[PDB]
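Shown next, in structure tokens, is the structure this report addresses.
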Amino acid sequence: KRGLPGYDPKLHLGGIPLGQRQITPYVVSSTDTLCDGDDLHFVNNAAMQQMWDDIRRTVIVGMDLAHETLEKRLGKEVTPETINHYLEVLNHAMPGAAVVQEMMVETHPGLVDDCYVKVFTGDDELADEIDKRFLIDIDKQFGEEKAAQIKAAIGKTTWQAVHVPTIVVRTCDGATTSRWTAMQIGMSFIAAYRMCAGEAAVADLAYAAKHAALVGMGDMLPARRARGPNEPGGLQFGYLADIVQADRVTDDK
Amino acid sequence: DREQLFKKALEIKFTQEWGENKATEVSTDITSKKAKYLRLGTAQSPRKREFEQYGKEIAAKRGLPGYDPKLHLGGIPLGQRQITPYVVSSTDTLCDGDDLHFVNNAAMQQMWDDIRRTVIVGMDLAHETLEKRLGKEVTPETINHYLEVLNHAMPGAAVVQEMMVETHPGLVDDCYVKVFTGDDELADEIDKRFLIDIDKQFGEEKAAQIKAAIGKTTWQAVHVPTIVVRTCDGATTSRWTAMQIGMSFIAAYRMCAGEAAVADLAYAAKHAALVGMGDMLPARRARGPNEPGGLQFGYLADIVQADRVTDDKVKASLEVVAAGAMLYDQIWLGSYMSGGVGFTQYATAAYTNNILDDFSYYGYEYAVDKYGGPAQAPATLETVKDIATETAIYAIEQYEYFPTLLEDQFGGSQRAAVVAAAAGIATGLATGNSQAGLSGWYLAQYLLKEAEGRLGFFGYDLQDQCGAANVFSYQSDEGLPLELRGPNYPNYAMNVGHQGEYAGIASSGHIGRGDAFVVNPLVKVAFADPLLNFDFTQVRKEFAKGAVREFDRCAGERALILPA
Amino acid sequence: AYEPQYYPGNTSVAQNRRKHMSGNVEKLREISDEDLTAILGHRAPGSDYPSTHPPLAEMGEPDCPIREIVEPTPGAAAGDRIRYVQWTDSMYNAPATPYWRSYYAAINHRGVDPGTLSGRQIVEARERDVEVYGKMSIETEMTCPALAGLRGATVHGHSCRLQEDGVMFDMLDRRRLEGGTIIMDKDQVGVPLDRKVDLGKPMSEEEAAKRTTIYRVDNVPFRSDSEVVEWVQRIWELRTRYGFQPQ
Amino acid sequence: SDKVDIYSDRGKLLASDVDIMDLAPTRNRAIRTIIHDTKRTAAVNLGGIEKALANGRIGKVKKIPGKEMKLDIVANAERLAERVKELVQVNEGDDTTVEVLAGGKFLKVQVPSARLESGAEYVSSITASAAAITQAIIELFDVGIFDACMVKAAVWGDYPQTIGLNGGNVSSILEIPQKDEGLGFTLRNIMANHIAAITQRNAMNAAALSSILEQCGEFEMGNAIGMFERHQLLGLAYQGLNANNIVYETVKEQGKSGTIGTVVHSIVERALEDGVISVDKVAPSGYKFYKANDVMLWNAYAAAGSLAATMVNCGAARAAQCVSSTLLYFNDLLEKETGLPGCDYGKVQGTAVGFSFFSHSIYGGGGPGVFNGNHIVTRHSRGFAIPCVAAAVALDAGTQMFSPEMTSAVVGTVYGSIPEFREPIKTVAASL
Amino acid sequence: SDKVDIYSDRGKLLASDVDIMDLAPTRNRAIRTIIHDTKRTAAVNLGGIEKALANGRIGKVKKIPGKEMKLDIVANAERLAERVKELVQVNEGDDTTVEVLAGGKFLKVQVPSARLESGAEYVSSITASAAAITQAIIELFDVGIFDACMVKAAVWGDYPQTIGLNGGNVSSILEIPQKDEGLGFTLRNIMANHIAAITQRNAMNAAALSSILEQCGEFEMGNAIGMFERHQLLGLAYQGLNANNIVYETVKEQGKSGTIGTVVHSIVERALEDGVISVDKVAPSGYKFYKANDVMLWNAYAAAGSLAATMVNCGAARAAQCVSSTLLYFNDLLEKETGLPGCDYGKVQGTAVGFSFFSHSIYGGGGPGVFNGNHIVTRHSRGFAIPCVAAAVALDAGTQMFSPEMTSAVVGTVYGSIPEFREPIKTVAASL
Ligand code: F43
Ligand SMILES: C[C@@H](OP(=O)(O)O)[C@H](NC(=O)CCCCCCS)C(=O)O
Ligand SMILES: C[C@@H](OP(=O)(O)O)[C@H](NC(=O)CCCCCCS)C(=O)O
Ligand SMILES: O=S(=O)(O)CCS
Ligand SMILES: [K+]
């Protein structure tokens with residue numbers, strides 16, 4: 001097709017192709033799946049690419065400082081009703097859809113249906129008032145002892161588990177995620193609380209989402225292997241252990 | 001009387017029905033200041049109805065809602081004003097503005113991937129290493145064998161070890177390496193399948209200029225797989241390239257597969273003979289090489305190839321503006337540095353409805369008549385003041401003669417980018433000096449502010465108010481020729497409606513002079529290649545193909561490894 | 001002594017720009033204090049201005065020589081919250097232009113935070129101070145109630161074609177021409193009010209053309225005000241030269 | 001030669017007939033001592049170390065279960081300060097200092113000059129302090145081999161997985177060198193909130209300390225060579241050090257009823273009276289185009305005016321946010337009033353345009369307090385914008401969420417305890 | 001208290017009964033002067049500026065057609081040096097120096113102490129020099145407003161689009177602070193090729209200058225506090241400064257027929273004779289497990305041994321590449337011979353494992369000359385690996401593509417012209 005060659009097994013050194021020794025498959029441990037080693041190359045395995053994209057496209061952003069800005073700086077009341085309305089607006093806006101301006105052009109929802117935001121809180125009274133569609137229920141997901149340990153560590157604080165579109169981090173990079181997240185959090189607070197769409201208090205919400213209440217997957221790397229946040233090099237080993245969830249559903253240590 | 005080039009597009013997008021917007025009932029006169037507001041909302045737009053329908057399916061499937069037009073502020077959906085299409089400039093394609101959003105346009109994503117996945121790596125130092133350390137002879141025969149090996153290995157296939165597992169060629173068929181050289185004797189012996197022939201791709205004068213700049217040196221134009229840069233990042237490219245160059249030298253020259261001389265080839269490929277698309281960015285907007293922020297404006301001008309195939313100087317400069325407005329405002333500022341709905345129309349203002357074309361042809365034609373021709377006007381502040389004022393005031397008045405033009409480019413930043421790009425490009429083409437063009441851009445910005453009593457968005461003119469003083473400054477972080485400026489030049493690091501237009505201005509002085517390239521002849525030759533997925537000779541035509549979901553050279557999909 | 005000159009030019013547009021800058025603007029309509037509070041949407045009409053409630057660690061007034069010689073505005077002295085007044089002005093000869101609403105505020109009002117954009121212009125200030133500004137912004141010739149509108153969000157319209165009735169489009173329909181007068185029955189962020197606020201008659205096309213601070217090729221072309229074009233070129237040239245060498 | 005009289009934060013004469021060359025970062029003894037102490041002083045948060053140990057916490061959200069250690073750090077602050085001094089000092093009786101502050105919660109550590117003289121940067125203030133407190137705690141509480149890594153994490157945070165001591169308890173008025181945008185930006189990467197806290201919210205001293213640090217940064221950047229030395233020193237003297245009392249007297253004259261615009265008119269009147277500007281030509285309408293008789297001195301008057309306008313406008317509202325619009329409209333209106341370029345030939349106005357945007361939008365930035373001379377939004381002017389931001393932050397009366405009391409408690413207590421930092425105008429004039 | 005006798009590069013006594021505390025970067029006057037001159041000295045490549053101007057070129061491949069300005073620079077080096085001195089100096093008669101080198105192609109610029117005292121880092125050596133030469137050329141050729149940007153590009157390169165002066169013509173022995181991996185790495189980011197070129201390929205002086213800079217780096221990192229000060233100073237004295245002539249005499253004894261292994265045996269014999277190690281216990285086979293009577297002194301003998309083995313092995317082949325394997329197998333065999341940990345408790349051997357890999361594979365690195373204390377491959381040891389790399393590079397007779405003659409012509413000429421850099425052992429001993 002190209003008039004320029006590519007893969008050719010005979011270009012292996014000496015014109016001798018791979019497989020002079022028996023080519024054998026692999027059993028993926030704990031499964032009955034038998035596959036070629038090439039089927040486990042990250043390029044040829046969509047589950048592997050999607051695992052990295054789900055990490056890359058995620059940040060966690062606190063709500064408490066944003067709610068405090070609304071109450072103290074603007075004298076606005078924050079209730080379960082305003083939070084629930086904010087979450088509906090946020091799940092419409094986060095994938096790339098408009099909420100304030102006229103004549104906006106938007107992302108095709110069919111290309112960004114993996115994008116959404118859920119919330120969790122260590123405040124049980126607030127957990128019982130949040131719209132169940134958006135809640136990660138700590139008591140349901142973890143055993144009684146583990147749920148208590150999580151709540152004691154988190155305290156009475158509320159957080160947004162944000163997952164920006166996979167197509168965005170694939171076109172761009174992991175350092176896009178916290179910025180993409182903050183832009184649509186900002187738009188959703190403006191629309192849901194009927195703020196001025198661009199006043200001084202909006203910059204406090206931006207600083208909270210991008211910096212003061214941001215919990216990304218990893219920080220930047222130094223000049224020789226320069227990369228911004230949310231790249232594999234910045235992912236601490238304990239973060240990967242906390243991303244994986246097998247310990248939550250099996251007692252086999 | 002000169003017929004404005006945008007009138008045909010305004011007639012089509014405003015007075016002819018698009019979807020079910022009842023355009024003939026809104027207004028049939030493109031000069032009328034009044035329009036009948038029908039407030040049709042979502043019903044008028046097949047595109048917004050497609051999004052609404054997918055939003056219902058998504059909410060139902062996940063049990064967690066998504067797109068809903070009624071979640072717009074006040075429960076009032078988009079389209080209270082008539083929703084109109086855009087004509088992609090220089091084409092007959094009419095599309096919705098949503099079809100030009102980078103997320104919804106595969107041609108735009110593929111343009112960025114083709115840049116991101118490219119580096120240029122010299123061969124001379126590698127060949128010298130083989131001669132000095134191993135006493136190996138390098139000939140056209142050994143080079144041609146090396147290039148066959150390299151095109152098998154580069155996509156992710158093995159050449160030395162036993163029991164290697166490899167990338168599926170069907171997922172990486174966009175990956176290949178071509179070569180070019182300023183050594184005509186060597187060029188005539190390279191296997192034609194891999195050669196970028198400078199004499200065939202460029203005219204006699206431009207080919208001679210490229211060869212004189214390159215000298216008798218040889219280079220590899222490497223394009224790593226799109227799937228790799230999408231899974232990973234731009235900083236992967238030079239490393240991926242060096243790994244497979246190293247393997248190919250080992251196998252093709254029968255070196256020891258891992259001896260001290262191999263490290264010299266690695267240092268040559270990764271650092272000493274590497275020519276990437278851009279360097280890293282500082283901590284606040286940290287990124288490694290080959291990201292849009294590191295792409296100098298002159299590099300984008302050399303990546304674009306319209307000037308290589310058309311003698312229309314304005315057209316060639318505006319193909320650079322289209323590539324830059326899309327890459328720098330939509331992908332870079334609108335996603336890497338922000339995100340969400342983003343900045344589609346801040347960029348489309350510079351590549352739709354033949355508006356920037358009208359203003360730029362007007363200014364350039366004025367300058368050709370007055371000063372004689374391209375690159376004949378003196379490079380002085382008197383010339384800049386003349387051309388930029390004439391072009392800017394003409395452009396300012398068009399928004400007033402045509403209320404539909406003003407409604408199309410509804411944001412002041414859109415008007416500022418287009419008015420100033422025309423003034424800068426006309427000035428650059430006329431003087432053959434892109435720095436003169438940049439000075440003209442800032443004068444046009446100041447004229448527009450006093451004319452309309454407004455300029456752009458809240459922070460639009462940080463760089464424009466800094467601008468006039470920093471064009472010719474020689475102070476540490478102020479002075480720099482425009483060709484070497486880029487999205488990391490301090491004043492330019494944050495705001496829409498400037499970067500892509502600056503890429504056009506950077507190109508303008510060089511296009512005016514008939515130069516083969518702007519800042520890097522190696523980049524110019526590397527992208528003068530029809531095998532690249534994106535056609536860099538026709539940027540706007542490619543964006544139009546992507547808009548109507550007809551771009552058929554999108555790389556990196558995983559359909560082959562997903563269920564049917 | 002020094003007599004301010006404000007801005008160059010000799011056309012009606014330049015004269016109107018100096019009127020807005022100097023505050024020499026005619027009063028054309030009246031708005032009651034409660035109707036102004038209702039349309040701004042910051043608090044219930046007739047209610048007292050709420051105060052800020054900063055943490056204990058920020059309550060202390062510091063020993064500062066500047067605080068001792070700069071008198072607080074009434075709003076700052078009372079500790080009012082920072083609130084805003086945001087306007088959108090048609091490019092079809094609305095009397096106001098965004099930069100000139102900001103110059104009016106910067107010259108004539110103390111303790112203000114003006115912001116200029118193409119489709120919106122804002123002033124943030126201590127609430128009672130922003131209401132004093134807001135009253136002048138709406139009662140004077142700086143506003144036509146049809147060609148301009150208070151919009152704290154969804155501002156689109158400055159550059160749109162006018163409606164058939166001459167009113168500038170508003171996606172949220174906060175104000176409209178209802179039976180011979182402009183009625184605003186939603187606050188500046190689109191929340192319906194429990195009242196109708198009468199902003200009076202629109203300006204005629206001729207009055208708007210005579211009172212506007214915007215240049216237009218079909219009214220007072222920018223090209224025709226030679227001193228303004230000269231002033232731009234002079235600032236551009238001197239900024240260019242001094243950026244190279246400040247001498 | 002250029003001479004000035006230096007006036008105090010209260011408009012009183014401190015020094016007469018001062019050559020501006022003697023106020024330069026490269027010649028003035030007080031400025032050199034301020035920079036020396038900026039580089040050698042670091043803060044150890046003992047209260048933070050105690051909480052990090054007791055809860056097995058690293059920074060704001062990381063927590064490793066099972067690593068808790070209940071050590072009485074704050075109650076042993078004096079004992080630990082003595083050991084930290086022994087470890088940080090090079091020789092007995094050298095210039096090392098360790099002072100316990102905030103009831104045992106912090107240590108102000110000043111490393112000896114010898115550590116800076118044998119190092120390339122300031123970072124030994126952080127590394128010697130962090131290593132010293134880590135070792136002192138391990139010794140005092142006899143921490144075993146398995147648990148010392150938790151003391152290490154409580155002090156140094158995520159380092160070396162992170163480039164710096166992210167989530168640690170050792171900090172400085174300065175940030176790590178890797179955060180510099182370019183060459184010579186270390187002294188520019190200091191939050192305006194830090195300056196206002198250090199100077200006790202005295203707006204004149206806040207502008208002075210910021211102007212000193214910004215101009216030390218401009219000198220280190222290479223922006224004060226040749227004719228540009230005079231250019232930057234005139235700005236330092238007139239904007240930063242109240243030369244000829246122009247800033248203070250303009251603010252006093254305009255303090256009761258003045259606005260951004262009346263400050264513009266006052267500055268034009270003064271520049272004309274002092275012979276800095278003159279009428280160039282009169283247009284047919286009567287508008288007077290002015291010429292600058294001394295361009296650099298006109299720039300300095302516009303820098304002084306930009307600060308005086310900030311004090312009048314932010315002072316009247318007692319609200320920091322007004323600084324972004326004040327810097328924009330003082331210079332925009334100055335150009336429209338005279339036909340001459342504004343401060344820094346459009347770069348103060350340009351900085352103010354982006355600064356206004358990034359202090360009122362969704363895209364980034366924040367309140368005025370988070371900005372600094374190394375911030376991408378506010379770096380563009382040659383040191384003439386951040387001194388106004390520092391004064392504006394000082395003048396705020398409870399409008400900000402991210403106030404100096406929230407972001408700068410440690411730096412404010414530690415560096416604010418040093419007189420040269422608290423009273424920079426007085427210190428500079430006295431060292432002549 | 002620890003005492004040593006310092007011996008020269010030729011094995012001659014220079015100083016007796018020296019307390020190792022007096023050799024510390026924080027106390028030794030010669031080391032403090034070396035660091036002071038490292039920070040204040042920069043190189044201006046006038047030859048590079050000339051070619052860049054004449055061809056409109058920026059760096060190795062960028063070229064802007066139509067910008068050629070064929071200015072005569074090199075032949076005017078003395079006139080330009082005089083003007084650069086006027087611009088770089090702070091006061092007449094201060095400690096600024098400007099010297100023309102390499103027949104006009106280079107200027108050695110030493111900025112006055114005042115620029116470092118009012119700056120946070122060393123970067124004013126680059127910025128003052130770059131601004132000075134840019135201004136001097138604009139003046140000498142009366143360069144107009146439109147063309148000055150090309151003089152700027154010829155000197156500063158792509159800056160500020162790039163973080164540093166990428167493709168420019170002003171450089172230092174140091175790299176920009178943004179390239180540091182962590183805190184205290186600036187003095188560690190110096191190519192081994194630079195050290196070997198500066199010291200004129202004298203292997204002892206190459207190891208000494210590298211050891212001084214590496215240990216200044218370890219001190220700035222916070223790795224020489226408390227008990228670790230003695231640890232690093234013993235390594236500096238025995239490996240870097242030929243303490244008690246152990247390095248020189250081991251190399252002399254093993255120079256004719258010695259190998260990596262015979263150097264291991266010599267070091268074990270010497271450590272046992274000097275009482276540094278003793279038999280701990282004897283296994284049933286007769287194998288003797290040794291104990292370290294002084295762990296830090298044993299570490300220092302293993303550091304001296306690592307260097308002596310490099311000199312014997314790389315010296316015999318006259319080939320730098322042998323250093324990576326020498327550092328690995330000297331320490332691996334030392335552990336197998338004694339049952340005691342090797343130099344830096346496995347970190348010299350570990351550094352050597354990755355260094356061998358990254359000097360013989362496709363993945364990165366290069367020849368020994370490109371490595372440095374800040375390089376991710378070779379940073380791991382606490383300053384005990386790069387001094388051996390510098391000696392190995394010096395001993396190479398022509399096997400390398402990326403030799404000091406290719407990568408370090410500017411730095412080698414500029415800093416090599418300074419005696420303290422050329423002869424560091426002699427200079428350090430003489431300052432006692
Ligand atoms: C909330 C802000 C403040 C802010 O920080 N960003 C906003 C909003 C943001 C959102 C709007 C998305 C939404 O509707 O939900 C996005 C798309 C960025 C994002 N988060 O994806 C955007 N602007 Ni804005 N923004 C734009 C513009 C503008 C123009 C619109 C004026 C008019 O008359 O319509 C004005 C600035 C100005 O006056 O100059 C403007 C303001 C504003 N812009 C005001 C909202 C104005 C309002 O209340 O209606 N943008 C433009 O001027 C054209 C391009 C357009 C951008 C989308 C695109 O490029 O397609 C969008 C760029
Ligand atoms: C200012 C800075 O943000 P912070 O103040 O660091 O949060 C920066 N953003 C930007 O410059 C946003 C640019 C794109 C959106 C605005 C287009 S006008 C960034 O994220 O690094
Ligand atoms: C050493 C360094 O390379 P350079 O010496 O800087 O070229 C670095 N590579 C790596 O560390 C390669 C790691 C992956 C391949 C080896 C796996 S054992 C990098 O590219 O930044
Ligand atoms: O309104 S703002 O100018 O802040 C942002 C426009 S996208
Ligand atoms: K990617």
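Naming scheme: A, B, ... for chains in displayed order of the structure tokens; residues 1 onward per chain; ligands 1 onward as shown.
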
How would you write, as a list in words, the set of residues no farther than 7 Å from ligand 2 when counting only C-alpha atoms and all ligand atoms?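 Within the 7 Å cut-off, the matching residues are residues 179, 207, 210 and 211 of chain A; 284, 285, 333, 334, 337, 338, 459, 460, 493, 494, 495 and 496 of chain B; 358, 363, 364, 365, 366, 376 and 377 of chain D.
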
Take the residues that were just selected and, keeping N, CA and C atoms, output them as a compact mmCIF listing (two decimals), in the first residue's frame.
```
# COMPACT_ATOMS: atom_id res chain seq x y z
N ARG A 179 -6.22 20.49 34.90
CA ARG A 179 -6.66 21.75 34.31
C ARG A 179 -8.06 21.56 33.72
N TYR A 207 -8.15 28.55 42.07
CA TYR A 207 -6.96 28.23 42.86
C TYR A 207 -7.23 27.01 43.75
N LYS A 210 -7.30 23.84 41.24
CA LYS A 210 -6.04 23.56 40.56
C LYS A 210 -4.86 23.34 41.48
N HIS A 211 -4.95 23.77 42.73
CA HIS A 211 -3.77 23.83 43.57
C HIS A 211 -4.20 23.39 45.04
N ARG B 284 5.81 25.45 36.15
CA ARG B 284 4.37 25.77 36.22
C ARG B 284 3.55 25.07 35.12
N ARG B 285 4.11 24.94 33.91
CA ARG B 285 3.42 24.28 32.79
C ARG B 285 4.35 23.18 32.22
N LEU B 333 -3.81 25.59 24.03
CA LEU B 333 -4.43 26.43 25.06
C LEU B 333 -5.78 25.91 25.52
N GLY B 334 -6.54 25.35 24.58
CA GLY B 334 -7.89 24.87 24.85
C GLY B 334 -8.03 23.50 25.48
N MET B 337 -3.61 23.25 28.30
CA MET B 337 -3.52 24.33 29.30
C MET B 337 -4.85 24.76 29.91
N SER B 338 -5.97 24.12 29.53
CA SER B 338 -7.26 24.46 30.12
C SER B 338 -8.21 23.26 29.99
N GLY B 459 -8.32 39.21 29.54
CA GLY B 459 -6.86 39.17 29.54
C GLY B 459 -6.22 39.08 28.18
N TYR B 460 -6.97 39.46 27.14
CA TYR B 460 -6.51 39.26 25.77
C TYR B 460 -5.24 40.04 25.47
N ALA B 493 2.60 33.06 26.75
CA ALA B 493 2.36 31.75 27.34
C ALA B 493 0.94 31.41 27.78
N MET B 494 -0.01 32.36 27.77
CA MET B 494 -1.32 32.08 28.33
C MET B 494 -2.53 32.25 27.44
N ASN B 495 -2.49 33.18 26.46
CA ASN B 495 -3.73 33.65 25.85
C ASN B 495 -4.03 33.27 24.40
N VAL B 496 -5.33 33.01 24.15
CA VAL B 496 -5.85 32.66 22.81
C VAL B 496 -5.73 33.85 21.83
N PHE D 358 -6.60 36.72 35.24
CA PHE D 358 -6.26 35.57 36.09
C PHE D 358 -6.54 35.78 37.59
N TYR D 363 -9.61 30.18 34.75
CA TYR D 363 -8.45 29.52 34.14
C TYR D 363 -7.23 29.29 35.02
N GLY D 364 -7.06 30.06 36.06
CA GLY D 364 -5.89 29.92 36.93
C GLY D 364 -5.73 31.11 37.82
N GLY D 365 -4.49 31.37 38.23
CA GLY D 365 -4.22 32.50 39.10
C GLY D 365 -4.81 32.32 40.48
N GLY D 366 -5.57 33.31 40.93
CA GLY D 366 -6.18 33.32 42.26
C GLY D 366 -6.32 34.76 42.72
N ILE D 376 3.86 33.21 35.91
CA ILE D 376 3.71 33.47 34.48
C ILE D 376 2.78 34.65 34.18
N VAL D 377 1.78 34.87 35.04
CA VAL D 377 0.84 35.95 34.83
C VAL D 377 1.47 37.32 35.09
```

Let me see if you get this right: every residue at most 7 Å from ligand 1, counting only C-alpha atoms and all ligand atoms, written as a PyMOL selection string. (chain A and resi 93+96-102+104-105+183-184+187+197-198) or (chain B and resi 339-347+410-414+456-458) or (chain C and resi 117-120+152-159) or (chain D and resi 361-363)

For ligand 3, collect every residue having any atom at a distance of at most 12 Å from a ligand atom (counting only C-alpha atoms and all ligand atoms); output as a JSON list (two decimals) with C-alpha atoms, in the first residue's frame.
```json
[["chain", "number", "residue", "atom", "x", "y", "z"],
["A", 221, "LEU", "CA", 9.58, 14.96, 36.95],
["A", 222, "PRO", "CA", 13.01, 16.69, 36.67],
["A", 223, "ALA", "CA", 14.57, 18.07, 33.45],
["A", 224, "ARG", "CA", 16.30, 14.90, 32.11],
["A", 225, "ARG", "CA", 12.96, 12.95, 32.08],
["A", 226, "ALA", "CA", 10.75, 16.08, 32.09],
["A", 227, "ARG", "CA", 7.00, 15.51, 32.32],
["A", 233, "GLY", "CA", 6.91, 8.40, 36.60],
["B", 235, "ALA", "CA", 8.66, 13.21, 24.95],
["B", 236, "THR", "CA", 8.42, 9.46, 24.07],
["B", 237, "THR", "CA", 9.21, 10.14, 20.39],
["B", 238, "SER", "CA", 12.99, 10.87, 20.49],
["B", 239, "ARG", "CA", 13.53, 7.91, 22.86],
["B", 240, "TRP", "CA", 11.42, 5.47, 20.74],
["B", 241, "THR", "CA", 13.28, 6.66, 17.65],
["B", 242, "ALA", "CA", 16.75, 6.22, 19.25],
["B", 243, "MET", "CA", 15.99, 2.70, 20.52],
["B", 263, "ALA", "CA", 26.39, 4.01, 23.62],
["B", 264, "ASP", "CA", 27.95, 6.60, 21.23],
["B", 265, "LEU", "CA", 25.19, 5.82, 18.69],
["B", 266, "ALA", "CA", 22.60, 6.25, 21.53],
["B", 267, "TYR", "CA", 24.10, 9.61, 22.62],
["B", 268, "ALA", "CA", 24.14, 10.72, 18.95],
["B", 269, "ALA", "CA", 20.49, 9.72, 18.33],
["B", 270, "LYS", "CA", 19.12, 11.05, 21.64],
["B", 271, "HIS", "CA", 21.11, 14.30, 22.05],
["B", 272, "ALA", "CA", 24.05, 15.26, 19.69],
["B", 274, "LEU", "CA", 18.68, 14.93, 17.46],
["B", 288, "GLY", "CA", 8.86, 17.28, 28.14],
["B", 289, "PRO", "CA", 9.96, 17.78, 24.52],
["E", 179, "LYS", "CA", 18.49, 20.99, 35.31],
["E", 181, "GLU", "CA", 17.68, 16.55, 39.84],
["E", 353, "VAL", "CA", 26.29, -1.50, 37.36],
["E", 354, "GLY", "CA", 23.97, 1.12, 35.79],
["E", 355, "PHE", "CA", 26.93, 3.14, 34.49],
["E", 356, "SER", "CA", 28.29, 0.01, 32.68],
["E", 357, "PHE", "CA", 24.82, -0.65, 31.21],
["E", 358, "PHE", "CA", 24.34, 3.00, 30.09],
["E", 359, "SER", "CA", 27.85, 3.16, 28.52],
["E", 360, "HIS", "CA", 27.40, -0.13, 26.47],
["E", 361, "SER", "CA", 23.65, -0.20, 25.46],
["E", 362, "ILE", "CA", 21.04, 1.44, 23.17],
["E", 363, "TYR", "CA", 19.03, 3.09, 25.99],
["E", 364, "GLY", "CA", 20.94, 6.25, 26.83],
["E", 365, "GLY", "CA", 24.06, 7.50, 28.54],
["E", 366, "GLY", "CA", 27.09, 7.55, 26.23],
["E", 367, "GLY", "CA", 30.85, 7.38, 26.72],
["E", 368, "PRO", "CA", 32.26, 8.00, 30.24],
["E", 369, "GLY", "CA", 32.87, 11.70, 29.45],
["E", 370, "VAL", "CA", 29.17, 12.66, 29.36],
["E", 371, "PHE", "CA", 28.46, 11.47, 32.94],
["E", 372, "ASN", "CA", 28.37, 13.69, 36.03],
["E", 374, "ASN", "CA", 23.72, 15.07, 38.57],
["E", 375, "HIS", "CA", 23.30, 12.43, 35.78],
["E", 376, "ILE", "CA", 20.51, 9.99, 36.68],
["E", 377, "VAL", "CA", 22.84, 7.07, 35.87],
["E", 378, "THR", "CA", 25.81, 8.16, 38.05],
["E", 379, "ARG", "CA", 24.34, 10.29, 40.92]]
```

Test item: chain B residues at most 7 Å from chain A, counting only C-alpha atoms, as a VMD selection string: chain B and resid 51 54 to 55 58 63 to 68 71 to 73 78 to 79 97 to 98 101 103 to 104 109 148 to 149 151 to 152 157 to 160 162 to 163 165 to 169 193 to 194 230 to 231 233 251 280 286 to 288 335 to 341 561

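In this model, the gap between CA of residue 173 in chain B and CA of residue 147 in chain B comes to 16.0 Å.
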
Counting only C-alpha atoms, chain E residues within 8 Å of chain B, as a PyMOL selection string: chain E and resi 61-65+127+131+134+145-153+156+158-163+321+358-367+399-402

Need to verify the contact set: range 389-391 of chain D, 10 Å, only C-alpha atoms, exclusion of same-chain residues closer than 5 positions in sequence. Can you return it as a ChimeraX atom specification? /C:66 /D:191-197,199,201-211,307-308,310-311,314-315,320-324,327,368-372,378,384,396

Could you write out as number ranges by chain the residues of chain E within 8 Å of chain D, counting only C-alpha atoms? E: 25-27, 31-32, 35-36, 39, 87-88, 90, 114-115, 117-124, 127-128, 130-132, 135, 160, 163-164, 176-184, 186-187, 216-217, 219-223, 225-226
